[PDB]
Amino acid sequence: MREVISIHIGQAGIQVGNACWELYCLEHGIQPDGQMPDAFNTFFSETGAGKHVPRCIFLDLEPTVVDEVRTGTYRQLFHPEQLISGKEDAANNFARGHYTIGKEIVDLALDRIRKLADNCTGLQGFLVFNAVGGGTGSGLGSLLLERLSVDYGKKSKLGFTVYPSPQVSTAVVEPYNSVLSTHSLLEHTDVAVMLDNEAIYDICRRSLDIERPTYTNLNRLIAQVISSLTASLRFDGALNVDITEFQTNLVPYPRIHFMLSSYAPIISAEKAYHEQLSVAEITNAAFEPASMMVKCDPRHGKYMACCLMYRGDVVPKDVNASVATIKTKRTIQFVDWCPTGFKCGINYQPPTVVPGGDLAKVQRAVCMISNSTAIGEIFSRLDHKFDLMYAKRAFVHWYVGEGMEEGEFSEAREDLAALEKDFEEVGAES
Amino acid sequence: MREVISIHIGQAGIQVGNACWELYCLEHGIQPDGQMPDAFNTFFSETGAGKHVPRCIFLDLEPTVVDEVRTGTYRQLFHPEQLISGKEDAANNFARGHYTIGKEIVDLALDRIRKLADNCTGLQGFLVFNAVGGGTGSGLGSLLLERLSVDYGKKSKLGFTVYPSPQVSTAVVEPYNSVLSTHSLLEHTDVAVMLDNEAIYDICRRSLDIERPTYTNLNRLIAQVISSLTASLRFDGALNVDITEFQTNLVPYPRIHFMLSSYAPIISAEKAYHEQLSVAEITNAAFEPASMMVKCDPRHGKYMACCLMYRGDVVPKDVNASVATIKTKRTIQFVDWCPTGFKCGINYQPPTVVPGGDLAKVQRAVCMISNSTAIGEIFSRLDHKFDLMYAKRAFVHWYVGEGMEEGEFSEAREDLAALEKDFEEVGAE
Amino acid sequence: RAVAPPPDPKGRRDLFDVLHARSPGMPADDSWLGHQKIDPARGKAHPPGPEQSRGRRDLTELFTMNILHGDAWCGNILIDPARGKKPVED
Amino acid sequence: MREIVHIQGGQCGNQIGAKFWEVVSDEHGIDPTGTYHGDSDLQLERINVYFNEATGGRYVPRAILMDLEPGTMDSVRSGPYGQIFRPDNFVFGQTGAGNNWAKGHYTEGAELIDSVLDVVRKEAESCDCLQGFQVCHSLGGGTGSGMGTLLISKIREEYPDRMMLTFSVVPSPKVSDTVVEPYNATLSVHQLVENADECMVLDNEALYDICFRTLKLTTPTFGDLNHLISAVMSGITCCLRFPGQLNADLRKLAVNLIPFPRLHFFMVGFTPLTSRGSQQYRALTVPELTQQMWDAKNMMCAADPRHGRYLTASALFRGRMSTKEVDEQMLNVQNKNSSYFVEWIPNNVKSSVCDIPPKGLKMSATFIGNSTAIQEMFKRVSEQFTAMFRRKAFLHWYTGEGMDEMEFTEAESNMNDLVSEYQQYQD
Amino acid sequence: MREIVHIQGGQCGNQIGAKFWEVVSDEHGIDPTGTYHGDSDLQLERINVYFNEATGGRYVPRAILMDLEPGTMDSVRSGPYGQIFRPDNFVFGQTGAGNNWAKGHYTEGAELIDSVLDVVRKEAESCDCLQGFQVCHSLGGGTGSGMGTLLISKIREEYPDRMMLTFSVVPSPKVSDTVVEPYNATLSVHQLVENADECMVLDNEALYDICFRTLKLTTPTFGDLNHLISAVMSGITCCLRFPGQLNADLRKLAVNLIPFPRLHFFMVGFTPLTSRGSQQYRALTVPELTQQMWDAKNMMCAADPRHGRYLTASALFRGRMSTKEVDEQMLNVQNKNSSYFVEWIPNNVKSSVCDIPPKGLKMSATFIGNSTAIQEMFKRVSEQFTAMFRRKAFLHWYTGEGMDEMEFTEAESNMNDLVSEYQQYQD
């Protein structure tokens, strides 16, 4: 049997999870109380008679977001001890999330994955959600992936992670937390997916046509990306792809595992009738920079490996024709040592529209996950701003007071420094 | 499949377009919401289940014309992102729509063109609709025609351009805009069908017997003319003439591609009952000196090539009797080096009639497109007016400030002057 | 949970009727009959046309010579038969 | 066992070809479904010359459809007898020449000749013994003329010992349907003078004249043009498909009509044509065909045979006819008009009798004429080509895709070489 | 009584055999429940080759379904004709291969292959006499490639006197379903050369072209693709399941087609493929069956037969057929193009006749070709392998299970040796 454990750290993790577990109930007919009126084993465990409990944990130091789950419409769905809370928040301090006020919660956390581990038969992977901008997402996220590595070895912990945008940022101390959390993220996470808020802001403005998007509208299409790639484990298709299929096919080097993300028909209600959505058209729109989840130009880099997950009425010939059209096109450039640059995944069930949401009912959607050499431009951006604040030694007395010494920042800087040479070395022709 | 992308530039371009798509939806039976209760594949694209969206973009720097389409009865017919708007108009300045303002829209418009080019299986041509009197039609029209030559090379494009009239004008700097836009029309448009508003005003006055014709009466018969030549793509006939046929039969030299236009049966409802519409007389009415849509005198000129588009119940023998009668007539003239002048095109479907329009139901129709040396007198008046204002630098400071220097006027004056010398040498015997 | 596969546009499920000789079909209902990218069943719409509109006239009856088991003109090319003066009785 | 492979090119070839199998199939008794429904046993005796056996009793035409537009294949298939052809033989392109000869011959013809040669090669190997290829096309156009003439060149290199039967209509003297018709015809004629074994020259206004004077029809449609060609096209192969007292096949006509290898343009007419009111009053016998056979108003070419002397003649009489009346009427037209016949060939006329007439007609005949009066048609196209070429008008549409003015001077030279040798045999 | 034990491996292998047991049971007449409903005695005469008789008239196939992902056994069970298999034969694991050849061959293979051989030796020892094993897999994946070649190498050690008929879906030149296709193929072909007695190379891109050019199928699904390969697999064993005039079983074709032990890869084609529109037009005769047999597009492998010479080819004709057109057409294909055949073998091509046709079809034939033109298929994958191997791309995953870099060099060394051997006899 196939099943994945979803772990959501921090306020960014919970709010995506509120949109995520909103979506997962729609493909399986689960009411908010938890009573179905058997493909749910990936996310739901059959408990007692006619009650399903999600295979998740909602852990956060700040109690102000976990109680909203408790007082919300999904009170009866989640187990109460499953949701983990804390007395005080990390206040965007990585040192607090990792050393001082993080150790007392992670002991309670690991007893809760363990009970979900024994309840489930054969585990496929862990789906971890966090944001590097905050101390809870960085600090507790760095701790939790380390403990899962030493307890569940060689299990594919597939991660989705939110990164700071260049133009728009919500906290001053984001570059310090991003560099520190990435150093733990290289050696621990097998597959990580890059997410950036401002690109989705452009997506909501351009494609979905929303002038003022909110964080709830962001996570609704993010949860579609999570559900589409995991839909292969839930529902049968022509060319199914598992969690173990992604890591052995999109990770060319053990430290080059930072894959981009993109979605196809991000199309509103009135736009859907006039749009002629065909397999060739949605593949071309997938590789456009407008549909990219991260504000980075893919034209500056070379696609090392890309994976396409198709849902709906996709004949396998038309996706086979769309592979040829992209590779023949000169604008999309691949690396010289990878002729077999694509992977196709076809599932037979169309995506399920959230009622009251902004997305429309669409027959066909493509989740485009690509491993490129343009991720290093994002990491060159974070490296530059990290050196600017560290030169005058700004916002460091918060961190070194709460457990850390000075040495951890330099070693995290050098470890992240070797990444942009590694992305340059893998991109250079030979 | 045969299929053409018709695009409309400027205030005159869009008002032709919705007048055109009024006729196209009635011709194929498409309801205004886009639901039909394969001839549509030339202009419409099948979408999902029973939805037909036109292969058309509507671009203008001024949003006052575009949002009328978004509000009116055809709001559900068009895909919304096909309709492209702008922040400020070019405002009758060639340089504003060509260098400063139009560069922010020409990248957006050509991206939309490529999406329609990707959706189409085998492209046949393009139909541009612009007026050279205004800045958006001239400047943004010239900028978009530059990119269409480099993107889709050697591909047919049809230029339906409304030139300034000798007497009638709604613009002052239109001799500047028409001359500068013409320099783009020589080098990039393969086939350019000339149009002029004043000659259409004469047609409605004496034939359609309406003494108060507005723009929607003018653009309805223009919609009949463009639909007549493209009707071979949609319906079979005895002698089909598609878009590619117009290049190799009406363009003798690469820099001579301005052609007149005529629509022969132009009658009212009460006039149609008494009159007898016959193929022999409809060709004489087609070549009637007042029937053209461009203010020219073909007796002054000489026909270099002619194309006839016969519609309706036209047998293939009275049309050849009609062509034979024209060549024997001594009033009309044909150039000495082209003995085989005419091109005959016969279709099998009568033109549709709009409800509330001035036209009545007719069994036969002729659309005549001719290349003549009489189109050279359009530029002679255009050069005479342009040389007057450029003699002592009138209306130049609006053009100097927004990018274009003083050198482009000398190039446009000289290149159009070479066009005049091109016209007189080809008419020489 | 086996969700339904995408239905065929013309109800073809296993191509047994295509590979085997059962249920022969018309030359339409195929992908292409030209070279490529051409719908066989979807072509130019056909108007009634002049030959079918103007009565029954086809050249099969004139060539086959079925009259033994109309004229456009008689004599001069101008006039047509059965159109002349009104006959007056008494 | 003398099979004919038919190739139809372009707007002219497909519309003529669609009405061609209208006359072939019902003569053999074939329904639009494709089965057999005839009563006479002689119809079943020779079908393989034009049809191939199909499983289920169906008979499928031995035809190859070629074009550059998908319009005409939709026109042919929609009409009656439109489902008889194979879906495999409907090979064409999506571009469209647009009356550009070099588009059909060099650029847009290159990617399709290799495709249409495969179906020619497949069809030739299927039949045991080729009798000839039968192509119908135009000379004023660019699709059936440009790609058609390249097909004549390709099919002659592959099979140089088989007859070539080209049914080419020519640009008109009177009116013009295409503006560039002198350019395309002179380039097509230059490609036909070497490779085509025999060419039957037709014109549309010769067909316009017979249908308005002899047939006396008020509104003759576009199918009236095609039916007169189809009676001719079946009239050539009358001795093949049916038995007869005197047999004359496609090579038998070619040897007796062609004195020198470049004298292979023929003017052909059809004998038993009459109007509705004249049907009851005519006495259809052997001599009354002959006075209408040799009359120039019944001719189906632009050239008037009265101007130039007849080099060689032919007569394919169909029906239960007395040979002595075919004998004495043949000599009667020679002595009555002795100025119209070439002196250095005694007994110019060739005759043949087939005993099976067309469906419903009692007596019939077909006249194939090789005359030196046909130079006036070639001089008209050559004069119209020289007038345009001296100012290089409409030439950038031809030279833009890989042609220079060298072969335009060559095609003009071979044109004037062709009309000079017609004129010296007139002397 | 010449039994064949069938094994299906991986996601592709389970799906190709799901349509295979649907076709071969429809030929023999077994309903999806399991009973017999045929109308001929000859259908039940040879059912021991693919089915085991059970109590109550039930028939169970000699099929072993193996994979590592339980999704595909849900696909074959929920699909039609999925209840016929033995529940004890559903041997597999739960971990999933993840398209890794090393995982499919080394880590989880140790626990899986112990249980599978118990099922296979139960099927082999049950029947009285073995003919061979018919396995089906792909070379681009890891669930059927690494696991299948581990099974094939292990089963040939146990049964060396029985043949091994393997069906492989090789990677495409134009597209790629998996990123590690050159890694999976070059290691799998390194194992197939010494273990499998002969291999029949299949690929989607040749099937996709067949489904669009000849079949003219609008929406070719994987169920559409599976039937084309499965129609071959019935036709290869047609002389075993049915009596024939000239019998040719699975060892008859082995000695005929294979000159040297290293050269045992074939390009395969099923002959009477017609579209739905062209069913009535095409007449099912042997000479037109031969030209479709030797058409390059009708081959179900992407290697073009025109590039290389055929060493030895075989044909499995089925139906009521006489044996000159079996022999003369195979003689005619030699003399028509002798350059495309190996000179030092007289009469390279080969044929045999079984008088029992498939259901509802009159004539049919299955073509097996061993040509040297398949070297560019192995040359391209070797070219794709050396590009990735120099940069060591996608190798830290493969070396994780315990494959050293030396084995990748040895796999590539055999590819250059095998591609040179085909070029050795091409000159």
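We just call them A, B, C, D and E in the order they show up, numbering each chain from 1.
Note that in this section contacts are C-beta pairs under 8 Å (C-beta built on N, C-alpha and C of every residue); 3 or more make two chains touch, one makes a residue touch a chain.
Q: Would you pick out the chains that touch subunit A and also touch subunit E?
A: In this structure, the chains that contact subunit E and also subunit A are C.
Q: Quick check: more C-beta contact pairs in B-D or A-B?
A: Here the pair linked by more C-beta pairs in contact is B-D.
Q: Farthest from subunit A in C-alpha centre terms, which chain would that be?
A: Result for max centroid distance from subunit A is chain D.
Q: Can you give the rotation angle that fits subunit D onto its twin subunit E by Cα atoms, in degrees and rounded to the nearest 5?
A: About 30 degrees of rotation relates the two copies.
Q: On a C-alpha centroid basis, what's the spacing between subunit D and subunit E, in Å?
A: Averaging C-alpha atoms per chain gives centres 53 Å apart.
Q: Can you compute the centre-to-centre distance for subunit C and subunit D, using the mean CA position of each chain? Integer Å is fine.
A: Result: the chain centres lie 25 Å from each other.
Q: Just the number, please: Cα centre separation of subunit A and subunit D in whole Å.
A: Each chain's C-alpha centroid was found; their separation is 73 Å.
Q: At what distance in angstrom does the C-alpha mean of subunit E lie from that of subunit C?
A: 48
Q: Note the residues in subunit B that touch 2 or more other chains, in rising order.
A: 1, 122, 236, 315
Q: Multi-chain contacts only, two chains or more: what residues does subunit D have there?
A: 70-71, 74-75, 87, 94, 212, 219, 221-222
Q: Got the subunit C residues that touch at least 2 other chains?
A: 2, 5-6, 26-27, 30, 33, 37-38, 40, 43-44, 46, 49-50, 54
Q: Quick check of your reading of the touch definition: is the inter-chain graph here a line, ring, star, complete or other?
A: other
Q: Could you please write down every pair of chains that are in touch?
A: So the chains that touch one another pair up as A-B, A-C, A-E, B-C, B-D, C-D, C-E, D-E.
Q: Any idea which subunit D residues touch subunit C in the complex?
A: Touch list, subunit D to subunit C: 70-71, 73-75, 77-78, 83, 87, 90-94, 115, 212, 215-219, 221-224, 227-228, 231, 275-277, 279-280, 358-362.
Q: Mind listing the subunit C positions that touch subunit D in their complex?
A: 26-27, 30, 33-35, 37-38, 40, 43-44, 46, 49-51, 54, 57-60, 62-68, 70-74, 80-81
Q: Considering only the defined contacts, which subunit A positions touch subunit B in the complex?
A: Its residues touching subunit B are 270-271, 273-278, 280-281, 284.
Q: Mind listing the subunit D positions that touch subunit E in their complex?
A: Against subunit E, subunit D makes touches at 34, 52-56, 58, 60, 86-88, 122, 125-126.
Q: Provide the residue numbers of subunit A that touch subunit E in the complex, in ascending order.
A: Per the touch definition, subunit A meets subunit E at residues 1-2, 121-122, 124, 233, 236, 238-240, 242, 244-245, 247-254, 304-305, 315-317, 320, 323-324, 336-344, 430.
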